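Participant: Need a 3D model of the following:
(one chain, ligands or ions: 1)
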Amino acid sequence: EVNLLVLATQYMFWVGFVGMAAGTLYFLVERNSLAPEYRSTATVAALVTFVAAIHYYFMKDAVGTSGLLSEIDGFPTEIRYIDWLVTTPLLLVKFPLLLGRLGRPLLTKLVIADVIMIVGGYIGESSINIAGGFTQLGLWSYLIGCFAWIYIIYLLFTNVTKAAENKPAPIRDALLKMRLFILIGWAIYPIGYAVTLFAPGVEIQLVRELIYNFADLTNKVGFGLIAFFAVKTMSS
Ligand SMILES: *C/C=C(C)/C=C/C=C(C)/C=C/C1=C(C)CCCC1(C)C
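Facilitator: Numbering: from 1, shown residues only. The coordinates are given below.
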């Protein structure tokens, strides 16, 4: 029997695709509206939504067109993590990019941590999927991942926060907003993992992907816009 939740998530994957495609085009069109020194801010933001767009395009093949639960296949975990592996670092660079051999140590710390977080997650999810339920590898990977994540938040609310003050108001204020994305917006994913780790089922997975879809829109388009307006405001 055809499933309404399945049809719904099929639709939402298109929403992700179109939202990401549209953000991508916005950033690319408004790039020359920027001083030549700020254009990289738009390009990096566009590259991220672009990657997420390709991710959401290929989700169409994971669910399929059937509407049947049992028809759900593909490699949606790999698709999502390859997206995450590329986009999360490209999102984190927006911090030292707004700041300015003086923003490179911060960047280096951000990305090592981020890489530990993402691949930890991948190892854990893959183990959970293969077993069809809780594994301790699934638990410890996660915890290590969360540690990396908390380390990132620490840098943003200390290192980044302090350097922010030495920047012009609209850049400083953007940087301070951006932090909350990583603290609150990014919290959605490890929460979704926790549910997955302790509550198996295809349907709950579809719901997590739904929520991730909104998280992503916020954390990629939203987060990109914030930084883009600062560099346009400071382009006068
Ligand atoms: C655009 C995609 C984004 C912003 C994805 C962010 C992903 C995370 C913040 C992942 C977090 C995880 C942990 C904090 C612990 C280990 C499990 C991970 C992958 C889910």
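Participant: what about stretch 209-225, how long is it end to end?
Facilitator: The first and last residues of stretch 209-225 sit 23 Å apart, counting by CA to CA, to the nearest Å.
Participant: That stretch near the ligand anywhere?
Facilitator: Yes - contact of stretch 209-225 with the ligand (CB under 6 Å from any ligand atom) involves 216, 219-220. Every residue, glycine included, has its C-beta placed from N, CA and C.
Participant: for residue 97, what are its contacts?
Facilitator: Applying CB atoms under 8 Å, 6 or more residues apart in numbering, we find residue 97 in contact with 40-41, 44, 103, 227.
Participant: Give me the buried subset of those.
Facilitator: Among the contacts of residue 97, the ones that count as buried by 16 or more other CB atoms under 10 Å are 41, 44, 103, 227.
Participant: Can you give me the separation between the residue lying closest to the second one once chain neighbours are set aside and residue 219?
Facilitator: Leaving aside its chain neighbours, residue 44 sits nearest to residue 90 (5.7 Å; criterion: CB to CB, 6 or more residues apart in numbering). Applying CB to CB, to the nearest Å, the value for residue 90 to residue 219 is 12 Å.
Participant: so what secondary structure elements neighbour the longest helix anywhere in the chain?
Facilitator: Identified as the longest helix of the chain according to DSSP state H is helix 104-131. Helix 104-131 is packed against helix 76-92, helix 94-99, helix 136-155, helix 188-198, with contacts defined by 3 or more CB pairs under 8 Å, 6 or more residues apart in numbering; DSSP states H and E.
Participant: So which bits of the longest one are buried?
Facilitator: Meaning helix 136-155. Quick answer for helix 136-155 (16+ other CB under 10 Å): 138-139, 141-142, 144-146, 148-149, 151-152, 155.
Participant: tell me the angle of that helix relative to helix 104-131?
Facilitator: Relative orientation of helix 136-155 and helix 104-131, computed by axes from the mean of the first three to the mean of the last three CA atoms, to 10 degrees: 160 degrees.
Participant: Report whether helix 136-155 contacts the ligand.
Facilitator: Yes - for helix 136-155 and the ligand, the contact criterion (CB under 6 Å from any ligand atom) is met by 142, 145-146, 149.
Participant: May I see the contacts of residue 97 organised as TSV, with distance to residue 235 added?
Facilitator: Shown next, in TSV, are the contacts of residue 97 (distance: CB to CB, whole Å):
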residue	distance to residue 235
40	13
41	10
44	16
103	20
227	13
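Participant: Pick the one among those closest to residue 13.
Facilitator: residue 44 (24.4 Å; CB to CB).
Participant: Sticking with that closest one, tell me its helix or strand.
Facilitator: helix 39-63 (DSSP states H and E).
Participant: Provide a list of residues in contact with residue 171.
Facilitator: Residue 171 neighbours (CB under 8 Å, 6+ apart): 98, 164, 230-231, 234.
Participant: Now render those residues as TSV, adding distance to the ligand and secondary structure.
Facilitator: Shown next, in TSV, are the contacts of residue 171 (distance: CB to the nearest ligand atom, whole Å; DSSP: H, G, I helix; E, B strand; the rest coil):
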residue	distance to the ligand	secondary structure
98	18	helix
164	21	helix
230	19	helix
231	20	helix
234	25	coil
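Participant: Give me every residue in this protein lying close to the ligand.
Facilitator: 84, 87-88, 117-118, 120-121, 142, 145-146, 149, 186, 189-190, 193, 216, 219-220.
Participant: Now restrict those to buried residues only.
Facilitator: When the residues of the chain next to the ligand are checked for burial by 16+ other CB under 10 Å, the buried set is 84, 87-88, 117-118, 120-121, 142, 145-146, 149, 186, 189, 193, 216, 219-220.
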